[PDB]
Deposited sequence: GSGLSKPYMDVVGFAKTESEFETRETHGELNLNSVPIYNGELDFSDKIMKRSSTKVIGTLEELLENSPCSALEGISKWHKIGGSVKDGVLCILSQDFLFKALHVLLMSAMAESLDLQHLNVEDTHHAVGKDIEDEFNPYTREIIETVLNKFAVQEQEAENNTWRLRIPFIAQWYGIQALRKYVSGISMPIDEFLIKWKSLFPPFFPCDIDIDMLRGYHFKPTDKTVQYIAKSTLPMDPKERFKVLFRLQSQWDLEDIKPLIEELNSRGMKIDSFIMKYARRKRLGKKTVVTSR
């Protein structure tokens, strides 16, 4: 089957008393034993979907709670001047809990560890993590697209500001709309709009037709992640595009338009 069996794995959205509002899995070892995948596949996928444990219950963080956890992690790590290139769970967990004392702190050690396993890579020195900064930047940008430019467009300079304002002050990343290839289109060359690739036509002629209505000229790198799902012959993407559209290679940039 190749995937984890999430049948009994509940979604955690920051609730106060998770174990009572929830036939539970308590351990990742248990989940792997009951899953039709290898241990390495199961562990890797656990990290990508944001699997965690809360109140002894194996769970999966909701996308809203994962966003909030990453955001407070980044604010707190900058506020304590942690080394974003050498983070350990202990300092990071302490940094986020420092100013959460009078109420409910859902950001336990395991939640912190889930965020780091999703947005960071562990170094083969200590039990230490290095943030994947461009990946975090892209993930923020995707949230900004969905919130601000779902069904309407926005000038590029205004969008970049709203995108940048999600980061902690002094966060060491330069952002660039090219990070969001596969998640947006440019209705004009100075505006941007969100697009969800999952909702595009499964017929390639119809998909290219729809994409040229959104944007009459595409850089090949911009349209590629929106069409590659249909390239089942595995050919070079330029040859695939040439079957359904016109290409013109400029200097090094290829521009693609309808035929």
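A.B. asks: What gaps appear when the modelled C-alpha atoms are mapped onto the deposited sequence?
C.D. replies: Missing C-alpha atoms (numbering from 1) occur across the ranges 1 to 26, 49 to 54, 157 to 158.
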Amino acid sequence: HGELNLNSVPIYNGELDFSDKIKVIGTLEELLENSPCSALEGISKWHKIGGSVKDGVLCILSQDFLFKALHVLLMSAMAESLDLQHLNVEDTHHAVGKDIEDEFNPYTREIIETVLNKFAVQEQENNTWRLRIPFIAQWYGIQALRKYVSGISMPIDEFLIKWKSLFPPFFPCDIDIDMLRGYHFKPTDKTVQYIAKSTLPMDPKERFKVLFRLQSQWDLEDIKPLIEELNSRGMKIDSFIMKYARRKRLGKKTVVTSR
From here on, numbers count along this sequence of modelled residues.
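A.B. asks: What stretch has the higher average Cα B-factor here, 10 to 18 or 241 to 249?
C.D. replies: Stretch with the higher mean C-alpha B-factor: 10 to 18.
A.B. asks: Comparing 1 to 9 with 250 to 258, where is the mean C-alpha B-factor higher?
C.D. replies: So the stretch with the higher mean C-alpha B-factor is 1 to 9.
A.B. asks: Looking at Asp178, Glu113, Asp99, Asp83, which one carries the largest C-alpha B-factor according to the PDB entry?
C.D. replies: Top of the list by C-alpha B-factor: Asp99.
A.B. asks: Tell me which of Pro204, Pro225, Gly56, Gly50 tops the list for C-alpha B factor in the record.
C.D. replies: Comparing C-alpha B-factors across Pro204, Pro225, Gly56, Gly50, the top value belongs to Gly56.
A.B. asks: What third of its chain's C-alpha B-factors does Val192 belong to: lowest, middle or highest?
C.D. replies: It falls in the middle third of the chain.
A.B. asks: Comparing against every modelled residue in the chain, figure out the third that the C-alpha B-factor of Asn34 lands in (lowest, middle or highest).
C.D. replies: Highest third, going by the recorded CA B-factors of the chain.
A.B. asks: Could you place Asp64 in the lowest, middle or highest third of its chain by Cα temperature factor, using the values in the record?
C.D. replies: Ranked within chain, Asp64 CA B lands in the highest tercile.
A.B. asks: How does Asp91 rank on Cα B-factor within its chain, lowest, middle or highest third?
C.D. replies: Ranked within chain, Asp91 CA B lands in the lowest tercile.
A.B. asks: Lowest, middle or highest third of the chain for the C-alpha temperature factor of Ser44?
C.D. replies: Answer is middle: the recorded C-alpha B-factor places it there.
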